[PDB]
Each structure stands twice: as structure tokens, then as C-alpha cells.
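Enquirer: Right, I'll just put the structure down here and ask away after.
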Amino acid sequence: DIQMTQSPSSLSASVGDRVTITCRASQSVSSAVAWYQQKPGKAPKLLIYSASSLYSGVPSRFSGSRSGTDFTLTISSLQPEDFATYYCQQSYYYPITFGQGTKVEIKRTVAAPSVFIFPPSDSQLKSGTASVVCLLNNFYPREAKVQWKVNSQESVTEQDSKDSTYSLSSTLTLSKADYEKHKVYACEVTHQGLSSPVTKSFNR
Amino acid sequence: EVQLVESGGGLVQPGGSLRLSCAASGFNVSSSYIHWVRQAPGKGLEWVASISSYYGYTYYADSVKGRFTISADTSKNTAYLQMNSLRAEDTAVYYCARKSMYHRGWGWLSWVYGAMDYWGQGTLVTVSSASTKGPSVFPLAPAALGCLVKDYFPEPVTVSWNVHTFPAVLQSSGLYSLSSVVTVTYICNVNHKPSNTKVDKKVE
Amino acid sequence: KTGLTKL
Amino acid sequence: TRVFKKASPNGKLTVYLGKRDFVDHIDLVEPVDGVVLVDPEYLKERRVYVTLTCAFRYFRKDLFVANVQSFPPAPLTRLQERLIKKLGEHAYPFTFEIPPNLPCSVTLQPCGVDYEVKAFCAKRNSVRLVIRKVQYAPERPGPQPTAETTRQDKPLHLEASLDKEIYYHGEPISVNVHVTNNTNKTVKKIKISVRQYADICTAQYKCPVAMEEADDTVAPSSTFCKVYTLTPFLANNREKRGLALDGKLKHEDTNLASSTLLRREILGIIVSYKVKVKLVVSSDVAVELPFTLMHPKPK
């Protein structure tokens, strides 16, 4: 099959930025290419077709170009509303295939996480599954990591509506029996906007 | 106008059966290629299958080769993606689109398969043997303060206070789990319709 | 075979 | 926009066209227009011509073969001037008018009529590009088909009809059936079929594109009224060899040969479609009405 390898997997920009997203077909294609802009959840739209044709109703600023097998979609002045996931699809060889998408985020000043911690509470110990929580509120950019000092799953709220930020709840789940063994627990955040990693800890 | 409507979206146990129906309006299933597209939960797109009744031609994605079957009743002017042998790979939001055969200048362009101009609505097809449960809520106290919902099913769970509800995460137990925190008495209200469950947990 | 271009 | 081009086997002659579908507008025909690239030094016969072959293949008996003197010159078109401007000083245009009362590009499902543009210096000196002479569906709907039959010592008063006459390919025709069996014979079965006849101007046949044999029995001395739906398309006509398929450019898959519109002795093939309501009785009644299946007009 044809892998419509698209890059960048995630780019940052703001209003007016001339944003470019490239996508290369694994095998030769004959202008069978289309660009779909899927917002969060909603049904994918259509942007371009025939690898260069502005589809009806699509904003003019969007435009596709072909230089062999490297189909490029450029938004001359990306607007606040045009932040979604853009996929490239070739209609030449069945089964039809898409890229992997290219989410265009929003840009603002780097801000460090406000990191809070939560130990498992009495009710949770009674239930039988203690989950320690690490909250990383309003931390920019989404690039970051959280390490644990005693499975651990991270829930990352999307780009904060307030101001283009990210939260992240890193929660580590253990059983009541397997949790009492240790005494000091800690979550350490490594972040771009942090001069040094920040560790928040508690004692059982 | 042309519009496709999908039906058949509901919980089905792994290996079960569902019959997604894409009712097409504004065009015959024979003057068009009807495409079923599926997008996983928060993930890049994927095109499921396509069919044209006029030539009776069917094309399938590598993920639904043999498991699914797209046909159509042109008497009703509808297409039918019979989904069999569902699995955790088949969970998604399913959209329906079409590629007409007009605009050749004269008639059918029987080889474009091109851009899927018009898209349906999106029906959520679930695949899980998770008996509808009720959440087990736990508190998280100091400064930040939150409530952690654990071991519920299915989505959605409405968590409110009297401030980021971190996206519900599919826990390995089939049940779900999420957290909702706030930085500053506070009572967290959790609502779960599929089991008609409500909780009001105190955290401090 | 039959070619193709653009004007 | 697009511009089709094709080089000769030796690579010198390049025939340029805009479209490979010429809509045979009822009154007139869309002319074939193009320009051929030529290098005078290569030209050895000193005479390059362009020809339009309207060939009935199966055998091959043409009906309108014309020649245009590309070089030396013995007007020009809007597309031809731009084609020459792109090419330069080594290209020469050619135009063909297709007279009326000529067949429409149509083929028999494995034949039929075909249109080709061939430029040659007069084997290796011949370049051929297919085209299509084809006809859109009529602009406005015609009279509603209707047909009533009587069988008699009591009648079997039957009626069949279709909502309208102009129906595009791959569209469902609605067959309204109205029976009144005053006879003592029970209506064993009802049949609604659609058949395509392709006269070859003389041979013809009757290919049933659509079938619907319903068991809507109407007991003796009783009425009946129903609206069946039959869709004629190529989904199930793959085995039927000889079905009149529409005009092609290559082995591409096309639809049912659009009904041969006419303004009789036109060579080629004349295709038409009829809906037949046949009541099988316990000794079977028939009624029919014709409809014209074609393609729509993009716009």
C-alpha cells in the first residue's frame, strides 16, 4: 500500500504565520491527493483535491502544490480557527490511505508547570486501589515529561482555552497492599520552560 | 442537497455484530462511490471501505478485509456496512462520505475514487465486554484539590464542583478512569447516566 | 501512449 | 485547463487536443479541433494531413472519413491558437465538422461505432487519438409513459406506467401497476422487466436489463394498485454479452448505451429501452411502454 508520510507531526504557529505541511507518497502518485482538516472529534472536512485543486467552499488561503511526489499544503495566514489535524490522502491505489495528521497548535510565551501532588486518600485506601496524582497545571509547551519515585497513565487536557497552555494529570495506580510497602513518593517534572526539573513528594 | 446519515452506533461486545447503515440523500448509490471512514478515539483518520452499486465494485481497507461487508440496497437508496467480528481494533467514530461520478464533462469517471467531498455525521461504535458499572469516586486533598473517578463504564461521566476535567482514560480493566482538580470546603459531584449513578464526595 | 499536459 | 497530447511512433508528430468527448448536440455536432507538431526537415512526403475516422468495427465500414491539409496550408479556433502559441512555429491546426445523421459513439458489451483522429504525413507516420461523439439526456422531461391492456367473458383490465421518460443511468424507475381482474382466473404472478434493444442498421435483440417477478396475486374479481421500483444498471449485466454499452475511450468501464436519440436509416446502432408489465395467469397478458435512458448534462 501507499504510506502518505506527512510532516511535521506537530507544528506551532499563531495568527498570520505562513504554515507549511509536506506529505510524501511511498510510491508514485498522479495528483491523486487531498487534504482533510479534522477538528477535535468532528467529521473531517475537505481542503484540496487533485493534489492542487482548491475544493469548493475551502478557504482561499489554503493551497496545495506538487513537486513530484512531495505534496505541500500552505496556509498563507493561518487564523485562530484553522488549528486542527490536517491529513493527506491519495485516491490512486486502493485501499485509500491517509497520513498521520499534523496538529497546528497555538503559540505563546513559555510557562513552567504549577506542579501539585496528591497522595491516595482514606476512601481510596478503603476501596482497594490507591492512585497517587501529580497535577501539572498551566505548563507550556506540551513537550514535557513526568518521572515517578515510588502503569502510570497521563491524561493531558487539550490546549487550554484560557491561554494556549497545557495541563497534565500523571496518575500512578497501585493496589492497597502493594502501596503501603514504600514511604516516600514523588513526581518529578522535566520541562522546557523549567531551569531544572521540579520534584514534589510526600511521605506515606 | 446531498447528505449521508449513519445509524447503528451503540455498545457491542467484542466479536459481536453491528449493521451500520449509511442512508444517502441527493444522489443514487449507483452514481457515486460510497465510502465508510473510521477514526479511532483521538487519532488519525482511516478509510474503511467503498462501494459503487452501478458496477457493483467493492474495495476494503486492510483492517476490514473479510471482517466487514459493504453492500447497498438501491431500492431504498442506502448502503450497509455489516460489521462482523468486531474487536478492540474496530472501536471508533464512523463517518460516511461519497465521491460522485459527475464532472467528467459527460458522465461517470469510474476510476477517480477522488476526494470524499461530502461527509456524514459520525456514529460511535464501541467494542468492549464492560458491563455498565458505576464510578468509585475518591478525594484528593492538600494548594490544589480534586476528585478521582475510578473504574466506571461507559463514557461520559459528568464531574463538576459545587478546574480541568482530564480526558477520560480507558483503563486496562475495560472500565474508565479520570480526575478533576482545582487550584485555590469543596464538594465534587459525579454523574454517570448508563448506571443512573450520582456521587457527591467531600474533599479536605 | 496518449500523453497529457497543461495549458 | 487540461490539454491532451500524443506523440507519433517516431516521436515527431504531436497531436494536441482539448477534450475527448464531443457532445452530439441534437441539431449539430461538436467539431474535433487540435494542432499537430511538425518539424519540416523530418517531413519527407511534404504533405501532412489530419483525418477523422467514424468507423463501425466488429466488418470495418466507415461512414464519415474526412481529411484536412495540415501542411502546406491549402480559420482557427480559440484553443488552437493558444496551442500553437505554446508550441511555437512548428505546429499546424486542424478542425473537423461532424455532419448530422451520423451515429453516436456506442459499443456492444463483449463492436459498434467509434470516432478517431489520425494525423499522418502524406505505419511509423501515423498517430491516432480516440474521441467520443456522444449525446446528453434531453433537457426537459417528456410525457409520462402509460399503457393499458384488456384481456377477454370478462376483462383482465391492466395498466402500467412510469413517472417520467427521461431517466439517467443508475437511477430507479418507478413502475405503477393497476390491475382489475374481473376474470375467474387468479393472477398467478406479475412481472415488471426492462429490456434494451440495439438495432444494427439489420439485426436486433432484446436484452433484459431489469427484472422483478413479484407474487402479488390478485384473486378473481378484485382490484390491485402498487408502485414497484426497478433500477437498470451494470451491477448485474456483466454476463450479458451484446448489451449496448455507451461510448468508451479505452477498456474503461462505462454505463448502458444511452438511448439513441433521433430527429431512421442511420447506420451504426440504434438503442432503446422498454418497460414491460406481463401478468402470468393460470395465458399471460402483456403491456409495455418505452423510455429513453441516457446520461445527464453536467452544469
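Enquirer: Starting from the exponent 0.38 and prefactor 2.2 Å, build the expected Rg for the stretch A:5-105 from its residue count and divide its actual Cα Rg by it.
Expert: Normalised Rg, Cα atoms only: 0.98.
Enquirer: Hey, what did the stretch A:5-105 get for relative contact order, percent, Cα under 8 Å, at least 6 apart?
Expert: On the way: 237 pairs, mean separation 37.4, N = 101.
After rounding, I find 37 percent.
Enquirer: Please express the shape of chain B as an equivalent ellipsoid: the semi-axes are the square roots of 5 times the eigenvalues of the C-alpha gyration tensor, given largest first in whole angstrom.
Expert: 43, 17, 13
Enquirer: Past 19 Å, Cα to Cα: identify those pairs from D:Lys248/D:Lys276; D:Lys19/D:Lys44; B:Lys65/D:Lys250; A:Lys107/A:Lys162; A:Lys149/B:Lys202, in the order given.
Expert: D:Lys248/D:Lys276; D:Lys19/D:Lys44; B:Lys65/D:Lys250; A:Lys149/B:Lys202
Enquirer: Tell me, rounded to the nearest percent, the portion of alpha carbon pairs in the stretch A:114-203 spaced more than 22 Å apart.
Expert: Distances greater than 22 Å cover 29 percent of the Cα pairs.
Enquirer: Taking 60 Å as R0, compute the FRET efficiency from the Cβ-Cβ separation of D:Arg264 and B:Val163 and round it to 0.05.
Expert: Efficiency computed from Cβ-Cβ geometry: 0.15.
Enquirer: In addition: What is the calculated FRET efficiency for D:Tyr205 to D:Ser283, with r their C-beta to C-beta distance and R₀ = 22 Å, to the nearest 0.05?
Expert: E(calc), rounded to 0.05, equals 0.30.
Enquirer: Residue by residue through D:159-172, how many Cβ atoms from other chains fall within 10 Å of the Cβ on average?
Expert: Average per residue, whole number: 3.
Enquirer: How would you classify the stretch D:1-152 from its alpha-carbon gyration tensor, with a ≥ b ≥ c the square roots of the eigenvalues: rounded for a/c under 1.5, else prolate if a/b is greater than b/c, otherwise oblate?
Expert: Prolate.
Enquirer: Can you tell me which of A:36-46, D:271-281, A:9-19 comes out highest on packing, and rank the rest after it, using the mean Cβ neighbours within 10 Å?
Expert: Top of the packing list down: D:271-281, A:36-46, A:9-19.
Enquirer: Now a separate question. Between the stretch A:8-87 and the stretch D:113-143, how far is it from one alpha carbon centroid to the other, in angstrom?
Expert: Using only Cα atoms, the two centres lie 38 Å from each other.
Enquirer: If you don't mind, there's one more thing I want to ask. Under 4 °C and 1.567 mPa s, how fast does chain A diffuse according to Stokes-Einstein, given a Kirkwood radius computed over C-alpha pairs? Answer in µm²/s, whole number.
Expert: Taking Rh from Cα pairs, D becomes 66 µm²/s.
Enquirer: First select every other residue whose beta carbon is under 10 angstrom from the beta carbon of D:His157; then total the charges, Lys and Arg +1, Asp and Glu -1.
Expert: 0
Enquirer: What number results when the radius of gyration of chain D, computed over Cα atoms, is divided by 2.2 N^0.38 Å?
Expert: Values: Rg = 25.1 Å, N = 299, 2.2 N^0.38 = 19.2 Å.
Its radius of gyration relative to the 2.2 N^0.38 Å reference: 1.31.
Enquirer: With a ≥ b ≥ c taken as the square roots of the eigenvalues of the C-alpha gyration tensor of the protein assembly as shown, please select rounded if a/c is under 1.5 and otherwise prolate if a/b is larger than b/c or oblate if it is not?
Expert: Here the protein assembly as shown falls in the oblate category.
Cβ: placed from backbone, ideal geometry, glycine included. Neighbour counts: every protein chain shown. Each reported figure results from applying straightforward, stated rules to the coordinates on display, with no laboratory input.
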